[PDB]
There are 2 protein chains.
Amino acid sequence: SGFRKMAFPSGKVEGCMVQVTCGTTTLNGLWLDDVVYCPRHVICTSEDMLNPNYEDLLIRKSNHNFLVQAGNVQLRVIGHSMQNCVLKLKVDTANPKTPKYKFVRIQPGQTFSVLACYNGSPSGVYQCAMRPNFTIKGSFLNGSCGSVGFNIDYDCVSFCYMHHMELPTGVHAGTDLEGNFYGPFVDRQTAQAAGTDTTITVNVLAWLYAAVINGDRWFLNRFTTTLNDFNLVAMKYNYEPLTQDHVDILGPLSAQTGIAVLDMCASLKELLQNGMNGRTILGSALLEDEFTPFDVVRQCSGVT
Amino acid sequence: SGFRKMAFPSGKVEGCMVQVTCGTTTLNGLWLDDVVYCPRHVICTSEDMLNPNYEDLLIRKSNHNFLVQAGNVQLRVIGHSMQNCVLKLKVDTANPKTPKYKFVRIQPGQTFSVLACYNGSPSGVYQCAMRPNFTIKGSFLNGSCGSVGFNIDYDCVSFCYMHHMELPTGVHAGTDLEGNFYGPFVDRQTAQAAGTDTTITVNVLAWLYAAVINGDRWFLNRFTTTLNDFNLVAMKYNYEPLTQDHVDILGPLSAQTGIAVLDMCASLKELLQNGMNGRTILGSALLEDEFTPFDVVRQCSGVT
Ligand SMILES: Cc1ccnc(C)c1NC(=O)Cc1cccc(Cl)c1
Ligand SMILES: Cc1ccnc(C)c1NC(=O)Cc1cccc(Cl)c1
């Protein structure tokens with residue numbers, strides 16, 4: 001029993017973190033096999049960041065300008081290339097601590113763990129969701145650039161995020177491991193609009209099922225609804241429209257609890273229209289959307 | 001910017017986790033140097049747990065009855081001893097992945113990271129506080145026994161908790177690494193009272209300072225209070241009494257923000273008496289007490 005915002009064990013990712021320095025800028029890199037991946041803005045000075053011409057800036061750099069250090073040992077850079085917003089520094093040594101890994105581009109609403117790093121050293125780990133608007137509400141300071149997000153399936157780490165930037169609004173933007181930004185963002189010191197965000201409906205429902213499994217049941221009611229009626233309420237409260245694909249993914253939790261998905265939707269509808277009346281659910285006074293249906297089943301079944 | 005319930009990177013602790021089996025019971029052990037530490041109730045059957053005589057049960061066991069497996073390799077047990085509620089199994093091999101470590105008994109109100117494990121395999125990591133009543137509100141299922149809590153200072157892991165039991169109320173009880181329970185709990189299948197819990201006042205104040213640093217300032221007011229007046233409010237709302245020792249530990253955050261500790265106490269007083277009026281602080285609709293003043297300074301300064 002109990003329900004926590006649990007992160008994946010970060011060990012396999014800690015063994016990949018390195019420090020990358022170019023000129024006067026230092027950030028984090030990810031060392032997998034004989035390649036170090038890092039945000040391409042490591043090649044910028046503060047003056048460059050206003051409107052950088054990355055192609056021109058990278059041409060002034062040679063392999064010996066990229067200083068890569070793994071803990072205390074220096075890596076020898078034998079190649080460099082830019083792929084979208086990431087730099088790939090080929091090194092002469094394969095990382096002996098490289099776990100089994102994949103590069104994945106996650107969908108909005110999916111969750112992942114972030115290993116926050118500074119100067120190539122891990123400081124902490126936390127779980128978060130990629131917002132529907134492709135931002136993440138992380139905890140990152142200057143120097144955290146290059147910190148990565150990931151999921152783990154037994155022995156395989158799927159890297160899904162690399163941190164690049166903090167928007168003027170204090171929310172975070174980054175790329176997949178091929179350097180493609182999530183969202184409309186560009187790696188430039190300019191004010192950039194993050195779209196209207198919404199609450200991840202399927203995750204809130206998954207978390208209400210986790211609440212029932214763990215004993216918090218006060219919000220269950222004698223009502224039911226339809227997908228259409230529920231979506232009228234979801235639109236009014238800036239929630240993502242619920243689809244049959246979302247209902248299908250909630251099936252295991254519906255089966256485990258015996259509460260039909262549309263009955264849980266009716267509980268959520270009443271919570272949206274009436275608030276929590278000063279009560280809590282799983283220690284929260286708001287509707288939590290950072291747990292996917294997969295996360296709930298994993299945490300509630302003890303998958304290692 | 002941003003503020004998350006961040007856990008320490010779990011890598012150094014993952015390398016210590018082992019599976020311990022005795023008879024038909026399997027749980028987690030902590031392998032440090034040539035000793036494996038685990039909850040002594042690994043020697044019990046379900047029938048024994050009602051009122052176990054651990055001394056008598058342990059006498060029926062020999063070194064060869066304790067099966068210790070580190071991933072896929074079997075450890076050879078050359079000694080066994082009970083210290084309070086933990087068993088110490090001496091093995092013939094020192095753990096090559098033993099980090100620099102200490103065993104510490106933490107105070108109520110302090111925080112730590114938990115690496116939840118099943119069958120000696122890490123499933124997730126989360127941050128939590130030891131409640132004033134010496135329970136923890138974790139996320140643990142059957143088989144999580146032996147999972148540990150810890151803090152990390154640069155390269156040193158201070159182990160402070162080992163999970164033993166879930167109380168009938170769904171909250172968790174465990175020991176320090178010398179096997180001494182935190183709180184009045186006994187390792188027995190009996191209903192056990194956890195005392196009245198309170199909110200960790202100094203942590204809520206630390207978190208209000210983190211909110212100010214990160215831009216959430218709506219709760220700041222034009223008022224101040226005294227320790228005496230604040231403590232009358234704290235008593236009414238089941239908050240721990242604030243002392244000058246607590247004020248002194250909040251000094252760095254008071255200096256960083258320019259908000260005197262008693263002025264922050266007046267904001268907290270108004271939040272206690274008036275609620276949050278449907279607003280949030282750092283993404284929470286309640287007053288958070290799982291961040292110590294040290295945690296706030298660490299997260300806000302990027303200590304690795
Ligand atoms: C200051 C800070 C705080 C938290 N995370 C981060 C990542 C930062 N740093 C930046 O955003 C620097 C920067 C400026 C403009 C564009 C880009 Cl790609 C990077
Ligand atoms: C079932 C469960 C769930 C979460 N954590 C845990 C630790 C459990 N298991 C138990 O509590 C088993 C047990 C019963 C009586 C005394 C003791 Cl020391 C241990």
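Throughout, protein chains are lettered first and strands after them, A, B, ... in sequence-line order, and every chain is numbered starting at 1.
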Shortest non-hydrogen contact from [X] toward [Y]:
{"X": "B/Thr111", "Y": "B/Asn151", "result": "O-ND2, 3.1 Å"}
{"X": "B/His164", "Y": "B/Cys85", "result": "CE1-O, 3.2 Å"}
{"X": "A/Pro293", "Y": "A/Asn203", "result": "CD-OD1, 3.9 Å"}
{"X": "B/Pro52", "Y": "B/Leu57", "result": "CB-CD1, 3.9 Å"}

Subject >> Contact check, side chains of B/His41 and B/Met165, non-hydrogen atoms, under 4.5 Å >> reply: no
Subject >> B/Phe159-B/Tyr37 aromatic ring centre distance below 6.0 Å >> reply: no
Original post:
Using a distance-only test with no angle check, is there a side-chain donor-acceptor pair under 3.5 angstrom linking A/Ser123 and B/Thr304?
Top reply: no
**OP:** For the residue pair B/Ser121 and B/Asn119, confirm or rule out a side-chain donor-acceptor distance under 3.5 Å.
**Re:** no
Subject >> B/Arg4 with A/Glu290: basic N within carboxylate O range, under 4.0 Å >> reply: yes
Original post:
Is any NZ, NE, NH1 or NH2 atom of the basic residue among B/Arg131 and B/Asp289 found under 4.0 Å from an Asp or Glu carboxylate oxygen of the other?
Top reply: yes
**OP:** Kindly check if the number of other-residue, nucleotide or ligand heavy atoms within 6.0 Å of CZ (B/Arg76) is above 12?
**Re:** no
Subject >> Heavy-atom neighbours of B/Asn65 CG exceed 12 at 6.0 Å >> reply: yes
**OP:** Test A/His172 against every option in A/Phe140, A/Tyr161, A/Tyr126 by the ring-ring contact (aromatic ring centres under 6.0 Å, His included) rule and name the one that passes.
**Re:** A/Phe140
**OP:** Classify the ring geometry between B/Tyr101 and B/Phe103 as parallel (under 30°), tilted (30 to 60°) or perpendicular (over 60°).
**Re:** tilted
